[PDB]
Amino acid sequence: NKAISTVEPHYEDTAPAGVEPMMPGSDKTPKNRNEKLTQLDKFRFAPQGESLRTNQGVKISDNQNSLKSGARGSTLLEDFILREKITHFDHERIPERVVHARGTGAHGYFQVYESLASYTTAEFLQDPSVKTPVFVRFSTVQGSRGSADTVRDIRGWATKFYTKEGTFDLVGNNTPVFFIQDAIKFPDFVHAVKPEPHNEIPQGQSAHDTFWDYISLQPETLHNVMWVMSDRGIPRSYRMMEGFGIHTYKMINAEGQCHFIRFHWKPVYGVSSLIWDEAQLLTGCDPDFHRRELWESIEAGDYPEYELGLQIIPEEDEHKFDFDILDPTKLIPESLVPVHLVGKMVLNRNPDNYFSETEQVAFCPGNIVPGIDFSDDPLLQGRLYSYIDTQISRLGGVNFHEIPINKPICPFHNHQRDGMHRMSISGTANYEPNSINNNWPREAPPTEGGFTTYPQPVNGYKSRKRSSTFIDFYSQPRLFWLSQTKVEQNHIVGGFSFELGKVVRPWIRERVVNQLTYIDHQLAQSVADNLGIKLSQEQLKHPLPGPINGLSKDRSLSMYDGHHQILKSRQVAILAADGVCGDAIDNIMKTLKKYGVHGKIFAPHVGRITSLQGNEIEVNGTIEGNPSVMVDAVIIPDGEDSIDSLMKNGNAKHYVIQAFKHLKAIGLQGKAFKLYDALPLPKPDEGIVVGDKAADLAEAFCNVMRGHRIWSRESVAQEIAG
Amino acid sequence: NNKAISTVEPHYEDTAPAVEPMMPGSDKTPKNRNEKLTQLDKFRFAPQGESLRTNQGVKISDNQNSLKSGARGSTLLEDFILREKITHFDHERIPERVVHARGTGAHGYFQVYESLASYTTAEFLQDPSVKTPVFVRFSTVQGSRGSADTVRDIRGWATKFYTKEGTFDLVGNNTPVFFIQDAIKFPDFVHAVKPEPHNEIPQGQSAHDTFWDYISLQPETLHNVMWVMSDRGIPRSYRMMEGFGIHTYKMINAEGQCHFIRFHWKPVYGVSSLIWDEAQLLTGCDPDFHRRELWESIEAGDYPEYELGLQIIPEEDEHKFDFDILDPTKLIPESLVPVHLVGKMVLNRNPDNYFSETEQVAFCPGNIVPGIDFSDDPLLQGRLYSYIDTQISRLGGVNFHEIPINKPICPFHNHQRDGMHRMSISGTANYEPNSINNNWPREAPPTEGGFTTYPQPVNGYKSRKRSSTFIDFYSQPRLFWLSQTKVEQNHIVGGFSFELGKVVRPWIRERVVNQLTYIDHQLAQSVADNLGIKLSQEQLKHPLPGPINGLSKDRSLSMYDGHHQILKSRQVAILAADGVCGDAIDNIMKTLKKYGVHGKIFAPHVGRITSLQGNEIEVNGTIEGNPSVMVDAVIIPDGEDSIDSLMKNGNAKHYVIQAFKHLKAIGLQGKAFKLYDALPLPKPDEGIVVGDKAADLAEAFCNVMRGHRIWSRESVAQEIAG
Amino acid sequence: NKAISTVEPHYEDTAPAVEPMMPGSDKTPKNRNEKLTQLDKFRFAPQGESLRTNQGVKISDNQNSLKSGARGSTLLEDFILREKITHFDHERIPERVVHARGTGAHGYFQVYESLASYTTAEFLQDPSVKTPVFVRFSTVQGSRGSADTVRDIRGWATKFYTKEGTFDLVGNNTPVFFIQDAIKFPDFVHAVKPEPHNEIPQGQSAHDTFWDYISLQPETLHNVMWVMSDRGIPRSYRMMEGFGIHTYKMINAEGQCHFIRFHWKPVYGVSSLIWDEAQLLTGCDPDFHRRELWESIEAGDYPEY
Amino acid sequence: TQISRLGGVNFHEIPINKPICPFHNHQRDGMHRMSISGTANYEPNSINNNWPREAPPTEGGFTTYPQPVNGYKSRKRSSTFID
Amino acid sequence: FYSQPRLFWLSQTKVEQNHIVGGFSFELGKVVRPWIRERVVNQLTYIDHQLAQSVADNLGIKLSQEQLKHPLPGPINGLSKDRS
Ligand code: HEM
Ligand code: HEM
Ligand code: HEM
């Protein structure tokens, strides 16, 4: 009977009569509310106690069998329940985004610190009491929907502000510049970096011939190549990277005064990155690492938190720099123009349905609000036409603003009608001006908030031509290079050398290092050596760029110079087996909890382990299923029986070797050193903390961790086999 | 001027000025409501006092001008306001319906007279106190959108019942049978009747070679061809035609017993039709006649009302007929199986937005509800697949049930997810069986309303073969013929003759006429004569079918033998110019209103005319703008100046000649007879009412109108130049 | 036997042992050009071929679904039925948002003398070259199945397939348009199109919203005059004028710009219907202009402009 | 699924999907129609002498094997499957 | 807005002018809201007074003296008519 039951209608109950699973945001954080989420409640489905039905509302009695001509016969065309279930499934998929297909979404809110009326009339930047809702999607660039999170790529960062005066979309990246200057080159650049069109190889990688062929022939790309070749290209979390709108925008105030503006997002949890070998392994054992990290951090209360910052330039200072502020391959150095922190954004609710919310969300740089305006940046100008154009195919037509995640929370009356999947039913005149409805809805005068374009002077000739002022390809790459710590420079050389290693045609590699000789002679020579290229005497004498408004370095372009390492919310592995020391774990956990750090007990099997004190303690998962690359640091408590089993276990001995090679902090209590001493690992350096007392060993352990990575270990780490 | 310049600058002031036009149903009849219309209220937005906005909620300040470089310069790509407005316009159109593209909809409600629990468990048929909302779309078949209403064609009649146990679609036609027997022939039939593939000619007509080519080679089509050749093919109004589901369905009661069922709609306003010459002129001067007639019926309170009837056949009687009840080219004569009137449907509210509601509604025969089931009609079986398949591309994907007009008014939880334009947001398990949500939504046992298929026996071999019980093509066409009055038979001969006259290939005309010799010899003879064909004496004695289950004729297949002529809601033209007798008009008007007739005053100009008594009378429209084909009858009041104006007006004199030739009633008061006597018309017959006192004459006029048309005049009228 | 024959597979001849309109390849096969020769690669010739599925499988019985017994239920495994029905279900594509109602023909263009003085445009350089064209004529307001002889602007779109690119001259049969700035097109078109609550009227500007918009926008009056005149109701697409409306530029080999407006001047003259006659034609032949064009080409009275 | 994945009912006209043999029938139109057809688009016709034509089973026309079918209309898992 | 409507009107033969009048009169006669017909007829008084008077008569509109005295546009680069 037990078996027969499973292939018959299921009228009975099936439920049985870290610790907890990820759940929809409405189930785990229902108290994190905002105005947009309340609007989305109108479309949420609560199925408790409901019948299974067709889409026309008809109750289904047997969801286990097709209508057949007998129990062993042929399926009947009149089985409308079967066909409706299969047809819906057949049409589930919609096109992925042409770029940034791979992405993660969360809900939140934004508050302005104080009014910015001095700069902009934008409603959401006027009143610090308002909680204006937001939805953010983070993304990679090159890979399709199912590619890995921790690839070496640019990360996209798109924030939708549901304001009372319109929806504003801030659509940026995690590096302050882009690869190209004119939007007309976007298909060329994207085709070059995407998988090649004959074999569709490789996925989520720029490490191939067509990409570097393009770089080598378009020096304007070099600056942002530097950024992706650095550890910026492999962030540890979406909570620990920076954000930039990249383009110079405009803000107009109540007086009609124009300020040029560049947008910034500064992480409250600091700026931290992976290292390349650890990033690549993480894509094998968890392609969802960033998506999972963001989701769990919100369910844990370590809400992503970012401060919106603005670089502000008076319209008269437009030409005060050695670069064009309209050139998206140029950053504005924070020395020259400081970033004013103007408000805070917090992400505190996961979506309920990924496809409905994250997949269907539409962001366009053209979605501005009164108080913001566009500059003549010729890359931004192309983006204004592309976002809306692509969303008509991806999202089914021109009514994609009626999709719940995309609706504004303000009114939005106009004379537009019809289109595919038209939701609203409009009774009134559909042309303007009309008299039969007394011309409602009516144009809004500027003094009442109607959008106007700032009247910027426009002079020249109709021409296709790159501005003379855009022709500066090497200076900002050099600024970025000289601004990096020694270990960050080595990692940039690593990225270049690994990537060009996968390039088949030699002349592309040669042309690329040749481009590097115009940035820094020692960067070019390091990369040339890793690739067997001998530089000529002429190449070694290649002219280098001078400073930029008297600047040769800028500390802000470095990650590990200004000690932007936050300890709250990091993850620590605790390698325990049966026979571990109970009191140690408690004191490790109490110390970690004191610092906002999460520790996870990893054991050979799942469930519980029993301590030498005879008590049972819950495991978070196996050592095998949670390698060191998923945690920030390892700690091994004492317990002779625990240590003995760990030493027989290849995964747990490798756990420490790999933790070591990836420059992480390793804590060893008591005879735990028994395990370190067994491996081919050198004498404990500054990131190896031994000790017999757990709270003290934990306190010192948490303090090695404040440095993120033991950069000193790097040279001896290379020679360790593992 | 300063007013001139004003028209092309933002319009911030009022445009309105400080018998009625057609209006949305929400403006005209807000009192008429039901559960479906209350649901649609959520999707209706009021624009009064509201700003013109973008779809993102941004107030627009200038709707009159593109963003340009200079007031005489080039248009700029950053004008996101212009591009959004134009892009939405650009994507307004969706594919029209592949058949029945030309249609018109209305809202209403349905009530069952008493419980049908003896025959079915269908919820909406159990409880007379329940008001089930409906939406009904009427249509032609062949024409595209924009084709004319009063073509000679089959009329579609689709009714959507929004019940509490699911949405039920009764998708019918206005004739009791269809052209073909098997769904695999439908594309061939449709391609044959549609415009021809090389030149896309003719629109709205079956009168062309390929259609009659298909008929001559497919005799199974002859029965419905007789229906559409008769006056049933040109109905006067959607309120005055019959409706049929055509197929035999099944009804299943609580005891599991099965009754074979056929659905009927009986119009309380009667069954009446135009004549061919009138129908064709009407397509010229009002292609929207029926769509307008329906709209204005509801606004005038002349609501379309119909009784739902059932022919009810116990299971064991299935094979007691001389034809197969599963054959869709066969009707079940009402003399054999009567139609039981089981309920009433009232259409009492026009839509607000035609596209949102009439264009986007989706109906399928497979959308049945528990208590109803399908039969093995092989045409019906193929229909179940077609309606959902066409809608996935016509309505933009598999979520077209989430478009407001298609949503059910009951719950509809299931495990379907995603698809284009996904409105719902679901959090719970998306598979069945599941334990992580205790298997909600859950399958419903049949005794809780779970849908089940009645366990009909199935025996045979897999094969493609026409059932021998279907090969019976001339019986029912002859039965239909013999059931017609001689006037109706004459018009059938006219339909055939006119249509075949437009076929170019003479052998097509000859082969059709040969098919007619197997239905009736006089019919074949009369059509042959009009086509210049000579029949052999062999053809004049081709064997004819005999009676069907003891009937040679059935008066219910006739329109005019019956007495279904309703005078209320008909239209009357009152021809008048200045100097008309104003007391006469007032008395005519009072009389017409007494019988619910609508008199419209048609003059040589709009505005007002002036009574010979010096009074102003408001005019409905011009004589030239409202020819006699638009009204049911004509009455000319007295006033010698009016009659003398009307006598110099060629259109006014054509009004009487045309209405005379279209067999309509004409009243002439006093000197008005002077107009009639100058026309080359014979002596007043029974349809020409002459009289001096206005009310007296109007009374006799209304009585003549009770007969619809003056059939006796037909031969006299052929001679008349007009 | 004859009766049953019609519901069984037809493996026999059906043709019998003043002339209908026919596809261009059957009536005027000698009239050819480079474009038509290119289209030939996509013409199917079905004489002597088996009826087949789209995957190439021969079909034995096109008269019957696959059932469980001759009186039974249709089976889901009938792939032939579902392929044929599915393709029928998906025949329709959206109509053009304006000019939905239209009529097309192939032809050629020749230049009289080189226009090198004014333009470098390849197709206006060499008089010995026949440039293939395809022309579509249309109304504006009505949907696909609306009548021909309505009162409306007529669209007149010509595709020149030149050796240096496809050039499209997309014009009307009046020399001016109703509005000045594109931002107003959706308002103008919405005002003229059938009204949104009832979708009335078809193929007519004679309704409130259109004239409401005219009354508030005097820039429309010039073209409103053209369509209230007998320009609004032409006798034939062969007897109307054509215009690009807009000023274009033409650039010669020396970089010199001239302002240009385009004109089509019909060789068969400019003739129109009168209003009452045009309205009656829509009733008794809604395809009148479409038919007239097809038939004039078939008779040798080629449209020339 | 392929009607929406590949853009309509004419995906067999995409080169990789086309057969290498003839495939005449009466199907017409649909999105991105590449074939251009002049002949009658319905069957049976006489204006084209009914070409293209059904093929007898003995000349290659597809037929279903006449398998016997006996039972009741039913939603049920075969007991012969419970294993 | 009015100069070229007047040029086009003055170029028409009298029968072509009569047909323009019929076009306006028939179309406006199907407009329901009377103020729309009036506003349009008013617009015509700025093009040609006899055009406006004929159409206003067909629609039963009485024109005011201000309307019959509405200022008309002048020649276009010397032209008042163009027979093409
Ligand atoms: C300043 C450099 C650029 C940045 C920072 C940028 C940023 C982004 C981001 C973050 C997304 C993903 C948005 C999401 O999550 O849905 C995106 C998508 C996209 N971008 Fe860009 N982009 C840039 C340049 C361009 C250019 C030059 C074009 C082409 C003109 C372009 C066209 C697109 C398109 C078509 C999408 C997909 C939009 C969708 O399907 O919803 N972008 N961009
Ligand atoms: C009993 C004979 C039939 C009747 C009475 C019938 C009735 C109708 C009606 C009234 C409509 C218009 C529904 C609406 O207003 O939206 C319609 C549409 C349609 N029918 Fe039929 N039909 C019949 C046979 C067929 C057959 C044999 C097929 C093909 C298998 C078919 C396929 C369709 C399709 C595809 C539509 C368009 C549906 C849409 O786009 O929403 N019908 N039918
Ligand atoms: C100078 C005034 C204009 C003229 C003479 C004109 C002419 C035409 C013509 C002849 C067609 C039909 C082409 C065909 O046969 O396929 C057409 C279609 C169209 N026009 Fe215009 N038009 C004008 C203004 C506009 C404006 C202002 C817009 C909007 C910005 C517009 C948008 C369209 C669109 C969307 C179509 C349909 C194109 C298609 O679906 O293939 N036109 N126009």
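We count ligands from 1, going down the list as the structure has it; atoms in each ligand are counted the same way. When reading the values below, keep in mind they use all heavy atoms of this one structure, side chains included, and skip hydrogens, waters and symmetry mates. Letters A, B, ... mirror the listed sequences (proteins, then strands); counts begin at 1.
In plain terms, the two heavy atoms of A/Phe138 and A/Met241 that are nearest each other are CD2-CE, 3.5 Å.
The shortest contact between atom 24 (C) of ligand 2 and any protein heavy atom is with B/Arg383 CD, 3.4 Å. Scanning the protein for heavy atoms near atom 36 (C) of ligand 1, the closest one is A/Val99 CG2, 3.8 Å. For atom 43 (N) of ligand 2, the nearest protein heavy atom (residue, atom name, distance) is B/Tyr387 OH, 2.5 Å. For atom 7 (C) of ligand 3, the closest non-hydrogen atom on the protein side is C/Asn172 OD1, 3.8 Å.
Interface of C/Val97 with ligand 3, defined as ligand atoms under 4.0 Å from a residue heavy atom, comprises 35 (C). Close contacts of ligand 3 with C/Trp156, meaning ligand atoms under 4.0 Å from a residue heavy atom, involve 10 (C). Atoms of ligand 1 lying under 4.0 Å from at least one heavy atom of A/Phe178, given by number and element, are 2 (C). The distance from ligand 3 to the heavy atoms of B/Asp90 drops below 4.0 Å at these ligand atoms: 35 (C). Near A/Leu379, meaning under 4.0 Å from one of its heavy atoms, ligand 1 places the atoms 1 (C), 2 (C), 27 (C). The distance from ligand 2 to the heavy atoms of B/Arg394 drops below 4.0 Å at these ligand atoms: 39 (C), 40 (O), 41 (O). Close contacts of ligand 3 with C/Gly155, meaning ligand atoms under 4.0 Å from a residue heavy atom, involve 10 (C).
Where the criterion is an N or O separation shorter than 3.5 Å, residue side chain and backbone included, B/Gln391 meets it with respect to ligand 2. Distances between N or O atoms of B/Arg137 and those of ligand 2 include at least one value under 3.5 Å. Between A/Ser386 and ligand 1, no pair of N/O atoms sits closer than 3.5 Å. At least one N or O atom of A/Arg97, backbone or side chain, sits closer than 3.5 Å to an N or O atom of ligand 1.
In this structure, B/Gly103 does not count as a contact residue of ligand 2, since none of its heavy atoms falls inside 4.0 Å of the ligand. Heavy atoms of A/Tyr385 come nearer than 4.0 angstrom to ligand 1 in no pair at all.
Evaluated by nearest non-hydrogen atom to atom 31 (C) of ligand 1, the leading choice among A/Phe400, A/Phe244, A/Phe186 is A/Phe186. Nearest-residue assignment for atom 39 (C) of ligand 2 (options C/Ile85, B/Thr159, B/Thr390; heavy-atom criterion): B/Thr390. Of the candidates B/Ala101, B/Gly172, B/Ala158, it is B/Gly172 that places a heavy atom closest to atom 10 (C) of ligand 2. The heavy atom nearest to atom 12 (C) of ligand 2, considering only C/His90, B/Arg155, B/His247, B/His100, is found in B/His100.
Between the side chain of B/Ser139 and the main chain of B/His100, no donor-acceptor pair closer than 3.5 Å is present. A donor-acceptor contact shorter than 3.5 Å links the side chain of B/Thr87 to the backbone of B/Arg83. Formation of a donor-acceptor pair under 3.5 Å by the C/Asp168 side chain with backbone atoms of C/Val170 is not found in this model. Checking side-chain atoms of B/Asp153 against main-chain N and O of B/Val141 turns up a donor-acceptor pair under 3.5 Å. No donor-acceptor pair under 3.5 Å is formed between the side chain of B/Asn173 and the backbone N or O of B/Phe244.
Closer than 4.0 Å to atom 5 (C) of ligand 3 lies at least one heavy atom of the protein.
Ion pairing between a basic and an acidic side chain is recognised when a charged N comes within 4.0 Å of a carboxylate O; A/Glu242 and A/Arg232 show such pairing. Under a 4.0 Å N-O distance rule, the pair B/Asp188/B/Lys185 qualifies as a salt bridge. Classification of B/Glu359 and B/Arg97 as a salt-bridged pair holds, one side-chain N sitting under 4.0 Å from a carboxylate O.
Side-chain atoms of B/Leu82 and B/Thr75, non-hydrogen and from C-beta on, do get closer than 4.5 Å to each other.
At a 4.0 Å heavy-atom cut-off, ligand 1 does not touch A/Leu380 at all.
Between A/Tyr249 and A/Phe374, the ring planes are tilted. Angles from 30° to 60° get that label.
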